[PDB]
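Written below as structure tokens is the structure these notes are about.
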There are 6 protein chains.
Amino acid sequence: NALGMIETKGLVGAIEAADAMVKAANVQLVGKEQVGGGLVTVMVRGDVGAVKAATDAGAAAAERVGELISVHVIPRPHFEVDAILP
Amino acid sequence: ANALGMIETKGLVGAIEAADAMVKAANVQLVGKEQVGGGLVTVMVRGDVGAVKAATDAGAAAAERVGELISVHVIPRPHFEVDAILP
Amino acid sequence: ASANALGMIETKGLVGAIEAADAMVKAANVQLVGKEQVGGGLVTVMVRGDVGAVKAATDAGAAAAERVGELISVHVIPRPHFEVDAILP
Amino acid sequence: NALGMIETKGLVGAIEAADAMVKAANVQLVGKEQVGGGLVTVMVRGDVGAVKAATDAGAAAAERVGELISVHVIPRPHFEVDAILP
Amino acid sequence: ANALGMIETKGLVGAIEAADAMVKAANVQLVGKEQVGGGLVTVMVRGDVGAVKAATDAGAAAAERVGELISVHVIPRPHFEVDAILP
Amino acid sequence: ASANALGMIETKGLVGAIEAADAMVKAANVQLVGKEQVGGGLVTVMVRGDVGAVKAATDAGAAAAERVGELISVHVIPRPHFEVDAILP
């Protein structure tokens, strides 16, 4: 139940990232969050290997259409963290 | 009619002009606009792949004329889970 | 078929937008249909009417915004499609 | 029925402006608007002379505690403009 | 107990530390916080003039320690119409 | 009397905040009480608990935020007044 996250400056890069992630591997899109300042984060859940593959694909995609700001995976997130996810 | 075209501008005027140019350039459907702060506005259309490419190219040119274009992209066949984060 | 003409003025700041709006409705027989704000301090005011009225209004509004130092964008769409009409204030 | 407007970057300057305006002359506070980007506008209504006096006082005050961005008076605003005021 | 003290910071942490320092420095009442975008957060207290001056000075020092202070001001006797635009 | 200790981490970006939050709750017995966003991309995550637990959590969270490049502010208030408690998530 790993968590993968990609943050972009702009919604277009985030949607491209999200689409590339769920196409690339056996992950599920948890949703998107807009925190202001133009930053948009999209997130997926799945096995750690699938989430690594998905986030690599998403980050490559975001970078080509937009502004990749960050990409990270948390392999075993703590249950409380779900409270602040989309 | 599943392809998705997206145009993002800094400013609303650019996005409205983009949306109007899109729907006039080809038979595509305007599905909404989203604002994410810092002035960034995105407008999106759906349609068949060819129409969406033509529309998004036209929209991008229109946004460049009146405003500030930030991003332009077409996804020919979005994953079904992606529909759930669209406006 | 097309929807009524649309004139739009975008300013950095609300004061410029209100000055623009006031000048627009004073200059011509147009309807002020609202304002929208998209962050970063950008505010857009919009009018609808006949094409000539909207052109005259928007030119007056742009001048007023530029006078007080706020003008980012100005544009008229003489014959907007209804699809777009549907995403306006 | 003149309209006076002061825009500041920050709420503190706007509240100081508003307080100084209504203290300075026979004007009424219409309200405040926050348009994003940190910009806050406060507005008053009254006779043109009162609104000129009020806005001068408010602008002087905003400048001392904060960031005055703009100050302007519209002497005879058109009725449609009320639709987009606070 | 009508005086108004206001502290504005870029960032929420600075504002929370300011608010805590204010209410600990003197007998003043925290009346709320407001966010106006671009990261700017304002916290406000009410109290008697002396207390509010002391509290706001303490709050400002606390905000400077942990964050970014933007503005600090005390209005001893706000106009009654000003209450209507406060949080 | 005072309310439970409070630890806060502010980051530029949500990814840094989630990394911080995860590290905080992993490092100590604290309650994650929420996140707040105030524009400009700034996100704050907060935990409550006993003072020592909150100190340990917040130190772990700050490290994690700094590792991924996002850290703006970090602070613990060991004994917050309830008035403040009242304006938190």
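Chains: A, B, ... in order of the structure tokens. Residues: from 1 per chain. Ligands: from 1, in order shown.
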Should the cut-off be 6 Å, what would the residue list for chain F against chain A look like, counting only C-alpha atoms, as an mmCIF file with N, CA, C and O atoms, in the first residue's frame?
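File selection.cif, as written:
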```cif
data_model
loop_
_atom_site.group_PDB
_atom_site.id
_atom_site.type_symbol
_atom_site.label_atom_id
_atom_site.label_comp_id
_atom_site.auth_asym_id
_atom_site.auth_seq_id
_atom_site.Cartn_x
_atom_site.Cartn_y
_atom_site.Cartn_z
ATOM 1 N N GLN F 37 -3.691 25.093 4.242
ATOM 2 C CA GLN F 37 -2.969 25.674 3.134
ATOM 3 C C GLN F 37 -3.382 27.129 3.068
ATOM 4 O O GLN F 37 -4.559 27.426 3.222
ATOM 5 N N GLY F 39 -2.230 29.464 0.622
ATOM 6 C CA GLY F 39 -1.840 30.065 -0.630
ATOM 7 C C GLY F 39 -0.354 30.199 -0.780
ATOM 8 O O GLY F 39 0.432 29.946 0.152
ATOM 9 N N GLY F 40 0.045 30.587 -1.978
ATOM 10 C CA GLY F 40 1.446 30.702 -2.304
ATOM 11 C C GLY F 40 2.155 29.359 -2.248
ATOM 12 O O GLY F 40 3.373 29.319 -2.222
ATOM 13 N N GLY F 41 1.398 28.271 -2.197
ATOM 14 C CA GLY F 41 1.986 26.934 -2.185
ATOM 15 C C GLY F 41 2.389 26.484 -0.781
ATOM 16 O O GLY F 41 2.939 25.406 -0.591
#
```
Distance limit 12 Å, atoms considered: only C-alpha atoms. Which chain B residues sit that close to chain E? Return them as a VMD selection string.
chain B and resid 37 to 39
Using the selection just defined, write its residues with N, CA, C and O atoms as a compact mmCIF listing (two decimals), in the first residue's frame.
```
# COMPACT_ATOMS: atom_id res chain seq x y z
N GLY B 37 -5.10 28.55 -8.76
CA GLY B 37 -4.33 29.52 -8.03
C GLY B 37 -3.13 30.03 -8.79
O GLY B 37 -2.79 29.52 -9.88
N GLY B 38 -2.54 31.09 -8.25
CA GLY B 38 -1.42 31.75 -8.88
C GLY B 38 -1.77 32.25 -10.26
O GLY B 38 -0.89 32.39 -11.11
N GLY B 39 -3.07 32.43 -10.52
CA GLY B 39 -3.51 32.98 -11.80
C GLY B 39 -3.71 31.94 -12.88
O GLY B 39 -4.13 32.29 -13.98
```
Of the listed residues C:46, C:5, C:68, C:84, that which approaches residue C:24 most closely, counting only C-alpha atoms
C:46
Fit target chain C, mobile chain F, all Cα in order, as a PDB file with N, CA and C atoms, in the first residue's frame:
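Saved file part17.pdb follows:
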```pdb
ATOM      1  N   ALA F   1     -25.653  30.336 -35.458  1.00  0.00           N
ATOM      2  CA  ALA F   1     -26.133  31.127 -34.341  1.00  0.00           C
ATOM      3  C   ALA F   1     -24.973  31.441 -33.430  1.00  0.00           C
ATOM      4  N   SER F   2     -25.023  32.599 -32.802  1.00  0.00           N
ATOM      5  CA  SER F   2     -24.024  32.901 -31.803  1.00  0.00           C
ATOM      6  C   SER F   2     -24.640  33.679 -30.684  1.00  0.00           C
ATOM      7  N   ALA F   3     -23.984  33.614 -29.535  1.00  0.00           N
ATOM      8  CA  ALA F   3     -24.396  34.356 -28.345  1.00  0.00           C
ATOM      9  C   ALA F   3     -24.003  35.826 -28.484  1.00  0.00           C
ATOM     10  N   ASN F   4     -24.492  36.656 -27.577  1.00  0.00           N
ATOM     11  CA  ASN F   4     -24.209  38.094 -27.636  1.00  0.00           C
ATOM     12  C   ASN F   4     -22.714  38.344 -27.537  1.00  0.00           C
ATOM     13  N   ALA F   5     -22.279  39.486 -28.079  1.00  0.00           N
ATOM     14  CA  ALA F   5     -20.857  39.828 -27.988  1.00  0.00           C
ATOM     15  C   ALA F   5     -20.397  39.916 -26.526  1.00  0.00           C
ATOM     16  N   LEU F   6     -19.109  39.641 -26.315  1.00  0.00           N
ATOM     17  CA  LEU F   6     -18.484  39.615 -25.014  1.00  0.00           C
ATOM     18  C   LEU F   6     -17.245  40.481 -25.023  1.00  0.00           C
ATOM     19  N   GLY F   7     -17.142  41.350 -24.019  1.00  0.00           N
ATOM     20  CA  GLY F   7     -15.947  42.130 -23.833  1.00  0.00           C
ATOM     21  C   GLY F   7     -15.346  41.827 -22.499  1.00  0.00           C
ATOM     22  N   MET F   8     -14.021  41.683 -22.443  1.00  0.00           N
ATOM     23  CA  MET F   8     -13.363  41.300 -21.178  1.00  0.00           C
ATOM     24  C   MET F   8     -12.161  42.180 -20.946  1.00  0.00           C
ATOM     25  N   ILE F   9     -11.995  42.580 -19.696  1.00  0.00           N
ATOM     26  CA  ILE F   9     -10.812  43.322 -19.272  1.00  0.00           C
ATOM     27  C   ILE F   9     -10.251  42.623 -18.039  1.00  0.00           C
ATOM     28  N   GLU F  10      -8.950  42.284 -18.072  1.00  0.00           N
ATOM     29  CA  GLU F  10      -8.260  41.696 -16.920  1.00  0.00           C
ATOM     30  C   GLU F  10      -7.220  42.672 -16.388  1.00  0.00           C
ATOM     31  N   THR F  11      -7.233  42.869 -15.076  1.00  0.00           N
ATOM     32  CA  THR F  11      -6.339  43.825 -14.370  1.00  0.00           C
ATOM     33  C   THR F  11      -5.630  43.135 -13.232  1.00  0.00           C
ATOM     34  N   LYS F  12      -4.509  43.708 -12.799  1.00  0.00           N
ATOM     35  CA  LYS F  12      -3.867  43.207 -11.605  1.00  0.00           C
ATOM     36  C   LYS F  12      -4.366  44.116 -10.532  1.00  0.00           C
ATOM     37  N   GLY F  13      -5.303  43.606  -9.751  1.00  0.00           N
ATOM     38  CA  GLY F  13      -5.936  44.403  -8.720  1.00  0.00           C
ATOM     39  C   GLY F  13      -7.406  44.653  -9.000  1.00  0.00           C
ATOM     40  N   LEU F  14      -8.168  44.789  -7.930  1.00  0.00           N
ATOM     41  CA  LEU F  14      -9.575  45.064  -8.058  1.00  0.00           C
ATOM     42  C   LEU F  14      -9.871  46.518  -8.406  1.00  0.00           C
ATOM     43  N   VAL F  15      -9.051  47.472  -7.963  1.00  0.00           N
ATOM     44  CA  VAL F  15      -9.388  48.875  -8.221  1.00  0.00           C
ATOM     45  C   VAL F  15      -9.403  49.152  -9.728  1.00  0.00           C
ATOM     46  N   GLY F  16      -8.434  48.595 -10.441  1.00  0.00           N
ATOM     47  CA  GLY F  16      -8.392  48.757 -11.882  1.00  0.00           C
ATOM     48  C   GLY F  16      -9.605  48.147 -12.570  1.00  0.00           C
ATOM     49  N   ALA F  17     -10.062  47.024 -12.046  1.00  0.00           N
ATOM     50  CA  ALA F  17     -11.230  46.353 -12.599  1.00  0.00           C
ATOM     51  C   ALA F  17     -12.494  47.140 -12.378  1.00  0.00           C
ATOM     52  N   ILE F  18     -12.658  47.733 -11.199  1.00  0.00           N
ATOM     53  CA  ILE F  18     -13.837  48.546 -10.962  1.00  0.00           C
ATOM     54  C   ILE F  18     -13.806  49.819 -11.808  1.00  0.00           C
ATOM     55  N   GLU F  19     -12.632  50.440 -11.934  1.00  0.00           N
ATOM     56  CA  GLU F  19     -12.540  51.570 -12.832  1.00  0.00           C
ATOM     57  C   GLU F  19     -12.882  51.172 -14.255  1.00  0.00           C
ATOM     58  N   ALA F  20     -12.382  50.021 -14.707  1.00  0.00           N
ATOM     59  CA  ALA F  20     -12.732  49.558 -16.036  1.00  0.00           C
ATOM     60  C   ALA F  20     -14.228  49.332 -16.181  1.00  0.00           C
ATOM     61  N   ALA F  21     -14.816  48.614 -15.245  1.00  0.00           N
ATOM     62  CA  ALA F  21     -16.233  48.314 -15.328  1.00  0.00           C
ATOM     63  C   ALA F  21     -17.055  49.593 -15.404  1.00  0.00           C
ATOM     64  N   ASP F  22     -16.741  50.573 -14.537  1.00  0.00           N
ATOM     65  CA  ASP F  22     -17.474  51.825 -14.541  1.00  0.00           C
ATOM     66  C   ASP F  22     -17.362  52.487 -15.908  1.00  0.00           C
ATOM     67  N   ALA F  23     -16.169  52.527 -16.466  1.00  0.00           N
ATOM     68  CA  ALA F  23     -16.022  53.170 -17.746  1.00  0.00           C
ATOM     69  C   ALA F  23     -16.773  52.424 -18.831  1.00  0.00           C
ATOM     70  N   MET F  24     -16.796  51.092 -18.749  1.00  0.00           N
ATOM     71  CA  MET F  24     -17.447  50.278 -19.797  1.00  0.00           C
ATOM     72  C   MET F  24     -18.960  50.600 -19.885  1.00  0.00           C
ATOM     73  N   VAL F  25     -19.631  50.594 -18.742  1.00  0.00           N
ATOM     74  CA  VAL F  25     -21.079  50.745 -18.737  1.00  0.00           C
ATOM     75  C   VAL F  25     -21.435  52.205 -19.004  1.00  0.00           C
ATOM     76  N   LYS F  26     -20.520  53.108 -18.706  1.00  0.00           N
ATOM     77  CA  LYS F  26     -20.775  54.517 -19.029  1.00  0.00           C
ATOM     78  C   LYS F  26     -20.646  54.796 -20.513  1.00  0.00           C
ATOM     79  N   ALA F  27     -19.807  54.025 -21.205  1.00  0.00           N
ATOM     80  CA  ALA F  27     -19.439  54.341 -22.571  1.00  0.00           C
ATOM     81  C   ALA F  27     -20.449  53.837 -23.593  1.00  0.00           C
ATOM     82  N   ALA F  28     -21.291  52.885 -23.193  1.00  0.00           N
ATOM     83  CA  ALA F  28     -22.166  52.166 -24.136  1.00  0.00           C
ATOM     84  C   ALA F  28     -23.266  51.423 -23.426  1.00  0.00           C
ATOM     85  N   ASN F  29     -24.271  51.003 -24.205  1.00  0.00           N
ATOM     86  CA  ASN F  29     -25.372  50.237 -23.664  1.00  0.00           C
ATOM     87  C   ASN F  29     -24.972  48.774 -23.604  1.00  0.00           C
ATOM     88  N   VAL F  30     -24.273  48.396 -22.546  1.00  0.00           N
ATOM     89  CA  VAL F  30     -23.892  47.002 -22.332  1.00  0.00           C
ATOM     90  C   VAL F  30     -24.322  46.539 -20.945  1.00  0.00           C
ATOM     91  N   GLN F  31     -24.391  45.230 -20.744  1.00  0.00           N
ATOM     92  CA  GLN F  31     -24.692  44.656 -19.450  1.00  0.00           C
ATOM     93  C   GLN F  31     -23.408  44.197 -18.817  1.00  0.00           C
ATOM     94  N   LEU F  32     -23.175  44.602 -17.582  1.00  0.00           N
ATOM     95  CA  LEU F  32     -22.024  44.134 -16.834  1.00  0.00           C
ATOM     96  C   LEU F  32     -22.424  42.816 -16.276  1.00  0.00           C
ATOM     97  N   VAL F  33     -21.774  41.726 -16.683  1.00  0.00           N
ATOM     98  CA  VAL F  33     -22.265  40.437 -16.229  1.00  0.00           C
ATOM     99  C   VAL F  33     -21.513  39.835 -15.075  1.00  0.00           C
ATOM    100  N   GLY F  34     -20.392  40.431 -14.701  1.00  0.00           N
ATOM    101  CA  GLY F  34     -19.760  40.039 -13.463  1.00  0.00           C
ATOM    102  C   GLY F  34     -18.274  40.196 -13.478  1.00  0.00           C
ATOM    103  N   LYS F  35     -17.673  39.698 -12.407  1.00  0.00           N
ATOM    104  CA  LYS F  35     -16.241  39.690 -12.258  1.00  0.00           C
ATOM    105  C   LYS F  35     -15.817  38.326 -11.770  1.00  0.00           C
ATOM    106  N   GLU F  36     -14.607  37.966 -12.116  1.00  0.00           N
ATOM    107  CA  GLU F  36     -14.048  36.692 -11.723  1.00  0.00           C
ATOM    108  C   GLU F  36     -12.615  36.958 -11.278  1.00  0.00           C
ATOM    109  N   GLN F  37     -12.154  36.220 -10.284  1.00  0.00           N
ATOM    110  CA  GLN F  37     -10.805  36.399  -9.800  1.00  0.00           C
ATOM    111  C   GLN F  37     -10.163  35.029  -9.804  1.00  0.00           C
ATOM    112  N   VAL F  38      -8.940  34.938 -10.321  1.00  0.00           N
ATOM    113  CA  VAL F  38      -8.293  33.610 -10.482  1.00  0.00           C
ATOM    114  C   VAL F  38      -6.963  33.513  -9.735  1.00  0.00           C
ATOM    115  N   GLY F  39      -6.833  34.338  -8.709  1.00  0.00           N
ATOM    116  CA  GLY F  39      -5.610  34.329  -7.943  1.00  0.00           C
ATOM    117  C   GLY F  39      -4.518  35.142  -8.571  1.00  0.00           C
ATOM    118  N   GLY F  40      -3.443  35.295  -7.817  1.00  0.00           N
ATOM    119  CA  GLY F  40      -2.329  36.103  -8.250  1.00  0.00           C
ATOM    120  C   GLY F  40      -2.713  37.564  -8.404  1.00  0.00           C
ATOM    121  N   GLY F  41      -3.868  37.951  -7.878  1.00  0.00           N
ATOM    122  CA  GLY F  41      -4.303  39.344  -7.936  1.00  0.00           C
ATOM    123  C   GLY F  41      -5.008  39.683  -9.248  1.00  0.00           C
ATOM    124  N   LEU F  42      -5.172  38.705 -10.115  1.00  0.00           N
ATOM    125  CA  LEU F  42      -5.825  38.976 -11.417  1.00  0.00           C
ATOM    126  C   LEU F  42      -7.334  38.934 -11.310  1.00  0.00           C
ATOM    127  N   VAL F  43      -7.968  40.012 -11.781  1.00  0.00           N
ATOM    128  CA  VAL F  43      -9.422  40.194 -11.787  1.00  0.00           C
ATOM    129  C   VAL F  43      -9.906  40.517 -13.180  1.00  0.00           C
ATOM    130  N   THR F  44     -10.983  39.853 -13.610  1.00  0.00           N
ATOM    131  CA  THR F  44     -11.531  40.070 -14.946  1.00  0.00           C
ATOM    132  C   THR F  44     -12.959  40.543 -14.803  1.00  0.00           C
ATOM    133  N   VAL F  45     -13.285  41.595 -15.540  1.00  0.00           N
ATOM    134  CA  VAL F  45     -14.659  42.083 -15.609  1.00  0.00           C
ATOM    135  C   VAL F  45     -15.132  41.915 -17.034  1.00  0.00           C
ATOM    136  N   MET F  46     -16.417  41.611 -17.168  1.00  0.00           N
ATOM    137  CA  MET F  46     -16.992  41.251 -18.468  1.00  0.00           C
ATOM    138  C   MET F  46     -18.290  41.977 -18.734  1.00  0.00           C
ATOM    139  N   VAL F  47     -18.485  42.359 -19.989  1.00  0.00           N
ATOM    140  CA  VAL F  47     -19.743  42.935 -20.446  1.00  0.00           C
ATOM    141  C   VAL F  47     -20.291  42.181 -21.650  1.00  0.00           C
ATOM    142  N   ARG F  48     -21.616  42.239 -21.816  1.00  0.00           N
ATOM    143  CA  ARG F  48     -22.269  41.624 -22.980  1.00  0.00           C
ATOM    144  C   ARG F  48     -23.144  42.681 -23.639  1.00  0.00           C
ATOM    145  N   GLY F  49     -23.313  42.567 -24.949  1.00  0.00           N
ATOM    146  CA  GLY F  49     -24.207  43.428 -25.686  1.00  0.00           C
ATOM    147  C   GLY F  49     -24.063  43.247 -27.174  1.00  0.00           C
ATOM    148  N   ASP F  50     -24.530  44.244 -27.935  1.00  0.00           N
ATOM    149  CA  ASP F  50     -24.304  44.262 -29.367  1.00  0.00           C
ATOM    150  C   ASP F  50     -22.828  44.519 -29.632  1.00  0.00           C
ATOM    151  N   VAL F  51     -22.336  44.063 -30.766  1.00  0.00           N
ATOM    152  CA  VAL F  51     -20.918  44.145 -31.063  1.00  0.00           C
ATOM    153  C   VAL F  51     -20.335  45.549 -30.987  1.00  0.00           C
ATOM    154  N   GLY F  52     -21.008  46.517 -31.595  1.00  0.00           N
ATOM    155  CA  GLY F  52     -20.465  47.858 -31.603  1.00  0.00           C
ATOM    156  C   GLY F  52     -20.425  48.451 -30.208  1.00  0.00           C
ATOM    157  N   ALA F  53     -21.487  48.217 -29.428  1.00  0.00           N
ATOM    158  CA  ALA F  53     -21.559  48.711 -28.047  1.00  0.00           C
ATOM    159  C   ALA F  53     -20.445  48.072 -27.225  1.00  0.00           C
ATOM    160  N   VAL F  54     -20.231  46.770 -27.423  1.00  0.00           N
ATOM    161  CA  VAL F  54     -19.231  46.085 -26.620  1.00  0.00           C
ATOM    162  C   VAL F  54     -17.822  46.558 -26.974  1.00  0.00           C
ATOM    163  N   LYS F  55     -17.575  46.821 -28.250  1.00  0.00           N
ATOM    164  CA  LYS F  55     -16.282  47.328 -28.683  1.00  0.00           C
ATOM    165  C   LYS F  55     -16.010  48.688 -28.038  1.00  0.00           C
ATOM    166  N   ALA F  56     -17.009  49.569 -28.072  1.00  0.00           N
ATOM    167  CA  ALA F  56     -16.843  50.901 -27.508  1.00  0.00           C
ATOM    168  C   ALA F  56     -16.637  50.811 -25.996  1.00  0.00           C
ATOM    169  N   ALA F  57     -17.420  49.960 -25.327  1.00  0.00           N
ATOM    170  CA  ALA F  57     -17.296  49.818 -23.877  1.00  0.00           C
ATOM    171  C   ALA F  57     -15.915  49.333 -23.502  1.00  0.00           C
ATOM    172  N   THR F  58     -15.450  48.303 -24.199  1.00  0.00           N
ATOM    173  CA  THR F  58     -14.187  47.684 -23.827  1.00  0.00           C
ATOM    174  C   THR F  58     -13.035  48.602 -24.088  1.00  0.00           C
ATOM    175  N   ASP F  59     -13.114  49.387 -25.167  1.00  0.00           N
ATOM    176  CA  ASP F  59     -12.027  50.366 -25.408  1.00  0.00           C
ATOM    177  C   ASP F  59     -11.966  51.376 -24.245  1.00  0.00           C
ATOM    178  N   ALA F  60     -13.134  51.848 -23.789  1.00  0.00           N
ATOM    179  CA  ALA F  60     -13.174  52.772 -22.652  1.00  0.00           C
ATOM    180  C   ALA F  60     -12.656  52.118 -21.385  1.00  0.00           C
ATOM    181  N   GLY F  61     -13.044  50.866 -21.147  1.00  0.00           N
ATOM    182  CA  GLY F  61     -12.565  50.199 -19.968  1.00  0.00           C
ATOM    183  C   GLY F  61     -11.060  49.999 -19.967  1.00  0.00           C
ATOM    184  N   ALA F  62     -10.496  49.663 -21.125  1.00  0.00           N
ATOM    185  CA  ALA F  62      -9.058  49.405 -21.209  1.00  0.00           C
ATOM    186  C   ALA F  62      -8.319  50.710 -20.889  1.00  0.00           C
ATOM    187  N   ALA F  63      -8.841  51.809 -21.412  1.00  0.00           N
ATOM    188  CA  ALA F  63      -8.175  53.086 -21.174  1.00  0.00           C
ATOM    189  C   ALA F  63      -8.168  53.384 -19.686  1.00  0.00           C
ATOM    190  N   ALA F  64      -9.305  53.163 -19.041  1.00  0.00           N
ATOM    191  CA  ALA F  64      -9.419  53.482 -17.618  1.00  0.00           C
ATOM    192  C   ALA F  64      -8.497  52.615 -16.749  1.00  0.00           C
ATOM    193  N   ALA F  65      -8.430  51.312 -17.042  1.00  0.00           N
ATOM    194  CA  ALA F  65      -7.503  50.411 -16.372  1.00  0.00           C
ATOM    195  C   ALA F  65      -6.063  50.842 -16.569  1.00  0.00           C
ATOM    196  N   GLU F  66      -5.703  51.223 -17.791  1.00  0.00           N
ATOM    197  CA  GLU F  66      -4.323  51.630 -18.060  1.00  0.00           C
ATOM    198  C   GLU F  66      -3.968  52.935 -17.343  1.00  0.00           C
ATOM    199  N   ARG F  67      -4.958  53.793 -17.151  1.00  0.00           N
ATOM    200  CA  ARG F  67      -4.747  55.079 -16.479  1.00  0.00           C
ATOM    201  C   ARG F  67      -4.343  54.877 -15.044  1.00  0.00           C
ATOM    202  N   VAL F  68      -4.945  53.883 -14.385  1.00  0.00           N
ATOM    203  CA  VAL F  68      -4.600  53.631 -12.974  1.00  0.00           C
ATOM    204  C   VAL F  68      -3.563  52.521 -12.766  1.00  0.00           C
ATOM    205  N   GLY F  69      -3.050  51.934 -13.852  1.00  0.00           N
ATOM    206  CA  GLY F  69      -1.798  51.182 -13.869  1.00  0.00           C
ATOM    207  C   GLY F  69      -1.920  49.674 -13.801  1.00  0.00           C
ATOM    208  N   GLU F  70      -3.149  49.211 -13.890  1.00  0.00           N
ATOM    209  CA  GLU F  70      -3.488  47.799 -13.760  1.00  0.00           C
ATOM    210  C   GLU F  70      -3.702  46.808 -14.962  1.00  0.00           C
ATOM    211  N   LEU F  71      -3.577  47.265 -16.223  1.00  0.00           N
ATOM    212  CA  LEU F  71      -4.136  46.479 -17.372  1.00  0.00           C
ATOM    213  C   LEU F  71      -3.299  45.304 -17.815  1.00  0.00           C
ATOM    214  N   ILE F  72      -3.871  44.100 -17.796  1.00  0.00           N
ATOM    215  CA  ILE F  72      -3.165  42.916 -18.210  1.00  0.00           C
ATOM    216  C   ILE F  72      -3.585  42.413 -19.579  1.00  0.00           C
ATOM    217  N   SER F  73      -4.898  42.302 -19.783  1.00  0.00           N
ATOM    218  CA  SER F  73      -5.454  41.823 -21.043  1.00  0.00           C
ATOM    219  C   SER F  73      -6.756  42.552 -21.375  1.00  0.00           C
ATOM    220  N   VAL F  74      -7.052  42.705 -22.669  1.00  0.00           N
ATOM    221  CA  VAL F  74      -8.347  43.239 -23.097  1.00  0.00           C
ATOM    222  C   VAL F  74      -8.688  42.526 -24.388  1.00  0.00           C
ATOM    223  N   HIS F  75      -9.936  42.107 -24.536  1.00  0.00           N
ATOM    224  CA  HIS F  75     -10.347  41.407 -25.769  1.00  0.00           C
ATOM    225  C   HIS F  75     -11.848  41.418 -25.921  1.00  0.00           C
ATOM    226  N   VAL F  76     -12.304  41.467 -27.164  1.00  0.00           N
ATOM    227  CA  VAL F  76     -13.714  41.312 -27.503  1.00  0.00           C
ATOM    228  C   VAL F  76     -13.856  40.068 -28.378  1.00  0.00           C
ATOM    229  N   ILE F  77     -14.837  39.248 -28.045  1.00  0.00           N
ATOM    230  CA  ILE F  77     -15.285  38.143 -28.904  1.00  0.00           C
ATOM    231  C   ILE F  77     -16.657  38.546 -29.450  1.00  0.00           C
ATOM    232  N   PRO F  78     -16.726  38.937 -30.717  1.00  0.00           N
ATOM    233  CA  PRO F  78     -17.991  39.465 -31.254  1.00  0.00           C
ATOM    234  C   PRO F  78     -19.122  38.445 -31.311  1.00  0.00           C
ATOM    235  N   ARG F  79     -18.776  37.196 -31.588  1.00  0.00           N
ATOM    236  CA  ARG F  79     -19.770  36.147 -31.777  1.00  0.00           C
ATOM    237  C   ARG F  79     -19.365  34.854 -31.078  1.00  0.00           C
ATOM    238  N   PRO F  80     -19.418  34.849 -29.743  1.00  0.00           N
ATOM    239  CA  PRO F  80     -19.021  33.654 -28.986  1.00  0.00           C
ATOM    240  C   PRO F  80     -19.980  32.495 -29.181  1.00  0.00           C
ATOM    241  N   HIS F  81     -19.462  31.271 -29.217  1.00  0.00           N
ATOM    242  CA  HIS F  81     -20.352  30.128 -29.216  1.00  0.00           C
ATOM    243  C   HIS F  81     -21.072  29.992 -27.877  1.00  0.00           C
ATOM    244  N   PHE F  82     -22.257  29.371 -27.864  1.00  0.00           N
ATOM    245  CA  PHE F  82     -22.963  29.180 -26.603  1.00  0.00           C
ATOM    246  C   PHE F  82     -22.239  28.267 -25.604  1.00  0.00           C
ATOM    247  N   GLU F  83     -21.414  27.360 -26.109  1.00  0.00           N
ATOM    248  CA  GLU F  83     -20.639  26.491 -25.214  1.00  0.00           C
ATOM    249  C   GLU F  83     -19.801  27.337 -24.275  1.00  0.00           C
ATOM    250  N   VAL F  84     -19.282  28.441 -24.802  1.00  0.00           N
ATOM    251  CA  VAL F  84     -18.396  29.289 -24.021  1.00  0.00           C
ATOM    252  C   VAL F  84     -19.236  30.121 -23.147  1.00  0.00           C
ATOM    253  N   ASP F  85     -20.293  30.642 -23.762  1.00  0.00           N
ATOM    254  CA  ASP F  85     -21.233  31.445 -23.038  1.00  0.00           C
ATOM    255  C   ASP F  85     -21.491  30.677 -21.748  1.00  0.00           C
ATOM    256  N   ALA F  86     -21.539  29.363 -21.854  1.00  0.00           N
ATOM    257  CA  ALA F  86     -21.904  28.563 -20.704  1.00  0.00           C
ATOM    258  C   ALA F  86     -20.886  28.586 -19.567  1.00  0.00           C
ATOM    259  N   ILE F  87     -19.619  28.950 -19.811  1.00  0.00           N
ATOM    260  CA  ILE F  87     -18.610  29.017 -18.709  1.00  0.00           C
ATOM    261  C   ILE F  87     -18.264  30.450 -18.200  1.00  0.00           C
ATOM    262  N   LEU F  88     -19.101  31.411 -18.529  1.00  0.00           N
ATOM    263  CA  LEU F  88     -18.930  32.793 -18.074  1.00  0.00           C
ATOM    264  C   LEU F  88     -19.734  33.078 -16.808  1.00  0.00           C
ATOM    265  N   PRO F  89     -19.380  34.158 -16.081  1.00  0.00           N
ATOM    266  CA  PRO F  89     -20.217  34.597 -14.956  1.00  0.00           C
ATOM    267  C   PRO F  89     -21.679  34.790 -15.372  1.00  0.00           C
TER     268      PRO F  89
END
```
Run DSSP on the backbone and grab whatever in chain A lands in helix (DSSP H, G or I); send it over as a ChimeraX atom specification.
/A:11-24,48-65,79-84
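For the residues D:3, D:53, D:60, D:27, ranking by smallest atom-to-atom distance to chain E using only C-alpha atoms places D:27 first.
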Please provide the set of residues having any atom within 7 Å of residue D:28, restricted to only C-alpha atoms, with same-chain residues fewer than 4 positions apart removed, written as a VMD selection string.
chain D and resid 22 44 to 46
Would you mind reading off the distance between atom CA of residue A:75 and atom CA of residue A:10, one decimal, in Å?
26.1 Å
Using only C-alpha atoms, find the residues of chain B whose closest atom to chain C is at most 9 Å away, then write them as a PyMOL selection string.
chain B and resi 10-14+16-17+19-20+23-24+29-33+35-41+66-67
Only residues of chain E matter here; which ones have an atom within 9 Å of chain D, counting only C-alpha atoms? Give them as a list in words.
residues 6, 7, 8, 34, 35, 36, 37, 38, 39, 40, 41, 42, 70, 71, 72, 73, 74, 75, 78, 79, 80, 81, 82, 84, 85 and 86 of chain E
